[PDB]
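Structure assessment
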Amino acid sequence: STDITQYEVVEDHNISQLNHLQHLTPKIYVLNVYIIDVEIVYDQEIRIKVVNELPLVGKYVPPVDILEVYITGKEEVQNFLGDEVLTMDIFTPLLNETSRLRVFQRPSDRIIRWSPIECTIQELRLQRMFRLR
Amino acid sequence: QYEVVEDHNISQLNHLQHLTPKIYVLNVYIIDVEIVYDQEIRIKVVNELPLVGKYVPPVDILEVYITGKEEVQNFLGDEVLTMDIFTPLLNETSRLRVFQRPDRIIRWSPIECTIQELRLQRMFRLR
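Residues numbered from 1 in each chain as written, not as in the entry; some residues may be left out. Chains lettered and ligands numbered in written order. Heavy atoms only, no water. Residues with missing side-chain atoms left out of burial classes, pairs and counts.

Deposited coordinates in this entry are attributed by the record to X-ray crystallography, at a stated resolution of 1.902 Å.

This is the structure in C-alpha cells:
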C-alpha cells in the first residue's frame, strides 16, 4: 500500500546514518544485518530490531545503532507469514544471525518508520539455509 | 547515575556508546506511550514537535522505559494503569530526569517519575 516502484536501490547501510534521515527519501536500502530482537503485537504488527555488528565483549549497543523495522497491518503481516501461524517460535532461528533485508521509510503520525519490502518468513528461512550450507 | 547534567539533544543521548554515571535533565514532549501487561511502560519523547510539513526521524526520539512490577507500581502510586492516564500528557512538554540502564542494548529510564508528579507539572504549566 505504498508506491516504491520509483525508488532507487542503494547499498548504503550505516544504520546510525539511516536513523538520522529527517526527510522521506525515495530510496531502498539493502542491509545485511543481525536480527537481535523481535516483538509481536497480536496479529497486527511485527517489530524487528537489527544492527550492523553484534557488540564486542563487555560492550553495549546504543539506540542509534539499532534500526527498528516494522511490518504493520493485517495485510502486511499475512503477506509476511504466508501459510504460517504467527508465533514467536518462527523467529528463533533468525536471532543473532545475519539476514538480508531491503528497507524503506514509511510515513505515517509524523514519525518515520522503516519497513521491509517483499520480506517473508519463508524467504528468511531460505536465507538461513544458504548460510548454513 | 551521579552527575546531574542539562541536555538538549536526544540525538546525542541516542549515540552514547557506553554507560555513564550521569542523570540527564530533559524538558521534552511526550508523543507516544505504550503499555505492556502491567510489566512495562514505554514513553517516546522528542525535544521539539514536528512542524506542518515535517517528520521525526528515529534518532530524534528517546524511548524511556519503566520496567518491572516494582517500577511500574512506583510510577502509579494509588492509580490504575490504563492508557487514559496518559492522555493529558500527550503532545505537551514534561520535565524528566533520565539515565542509562545496564541486557546488551542500552535503555533509558526515568528517575523518581510518577503519574502524580507529571500531573502536577501539567497543573503548573496550565497556570
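On we go from here.
Counting 29 residues, the largest nonpolar core has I46(A), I48(A), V50(A), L67(A), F80(A), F91(A) and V103(A) as the members making the most contacts within it. Those elements that place two or more of their residues in this core are α1 (15-18), β2 (27-41), β3 (45-51), β4 (67-72), α2 (74-81), β5 (98-107), β6 (112-116) and α3 (121-131) of chain A. Of the residues forming this core, the biggest block, five residues, is contributed by β2(A). Apart from the residues within four sequence positions on either side, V103(A) is in contact with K27(A), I28(A), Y29(A), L31(A), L67(A), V69(A), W114(A), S115(A) and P116(A). Counting 28 residues, the second largest nonpolar core, distinct from the first, contains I30(B), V45(B), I106(B) and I115(B). (Core = buried A, V, L, I, M, F, W, Y, C linked by side-chain atoms within 4.5 Å. Buried < 20%, exposed > 50% of the residue type's maximum accessible area, 1.4 Å probe, protein only. Helix = DSSP H or I, 4+ residues; strand = E, 2+ residues; numbered from the N terminus. Contact = heavy atoms within 4.5 Å.)

This brings us to the pattern of salt bridges. Pairing of side chains with opposite charge becomes possible as their charged atoms draw close. Counted under the stated rule, the structure contains 15 salt bridges over all chains. The salt bridge partner of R42(B) is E39(A), with a shortest N-O separation of 2.9 Å. Taken as a pair, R42(B) in strand β3 (residues 40-46) and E39(A) in strand β2 lie in two separate chains rather than in one. In this structure, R42(B) and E39(A) share a single accessibility class: buried. In this structure, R131(A) and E97(A) form a salt bridge, with 3.2 Å as the shortest nitrogen-oxygen distance. Classification of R131(A) by relative accessible area gives partly exposed; the value is 31%. Since its relative accessible area comes to 32%, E97(A) is described here as partly exposed. Put simply, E39(A), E45(A), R47(A), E34(B), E40(B) and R42(B) are held in one network by salt bridges that share partners. (Salt bridge = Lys/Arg side-chain N within 4 Å of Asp/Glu carboxyl O.)

On to the side chain of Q121(B). Residues and elements named next belong to chain B. The topology assignment puts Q121 in helix α3 (residues 115-126). Looking at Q121, the relative accessible area reads 19%, which means it is buried. Aside from chain neighbours lying at most four places away, what touches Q121 is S94 and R95.

Attention now moves to the pairing of strand β4 (residues 62-67) of chain B. Residue and element names in this part refer to chain B. The buried fraction of β4 is high, at five of six residues. Inspection of the sheet shows β3 paired to β4 by six bridges, in the antiparallel sense. Residue pairing across strands places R42 opposite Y65, the latter belonging to β4. (Pairing = 2+ DSSP bridges.)

So, on to the interface of chain B and chain A. Where interface size is given, it is often the accessible area lost as the parts come together that is meant. Tallying the contact residues gives 27 residues for chain B and 26 residues for chain A. Of all elements in the fold, only α1 (10-15), β2 (22-36) and β3 of chain B reach the threshold of two or more residues within the side of chain B that touches chain A. No other element matches the three residues that α1(B) contributes to the side of chain B that touches chain A. Across the side of chain B that touches chain A, the residue classes tally to 15 nonpolar, five polar and seven charged. (Nonpolar A, V, L, I, M, F, W, Y, C, P; charged D, E, K, R; others polar.)

Our next topic: the packing of aromatic side chains. For the coordinates displayed, the defined rule picks out five aromatic pairs over all chains. On the basis of an interplanar angle of 70° and a centroid distance of 5.4 Å, the ring pair of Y29(A) and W114(A) is categorised as edge-to-face. Neither residue differs from the other here; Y29(A) and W114(A) are each classed as buried. Taking 5.9 Å as the distance between ring centres and 10° as the angle between the ring planes, the aromatic pair formed by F80(A) and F91(A) counts as stacked. Of the two residues, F80(A) is situated in helix α2 and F91(A) in the loop between α2 and β5; the sequence distance between them amounts to eleven residues. Taking relative accessible area as the criterion, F80(A) reaches 0% and is therefore assigned buried. One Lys or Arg, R110(A), reaches over the ring of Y55(B) and ends 4.2 Å from the middle of that ring. Over the ring of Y65(B) we find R107(B); its NZ or CZ atom is 5.5 Å from the centre of that ring. (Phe/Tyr/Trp six-rings, centres within 6.5 Å; stacked < 30°, edge-to-face > 60°. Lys NZ or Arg CZ within 6 Å of the ring centre and 35° of its normal.)

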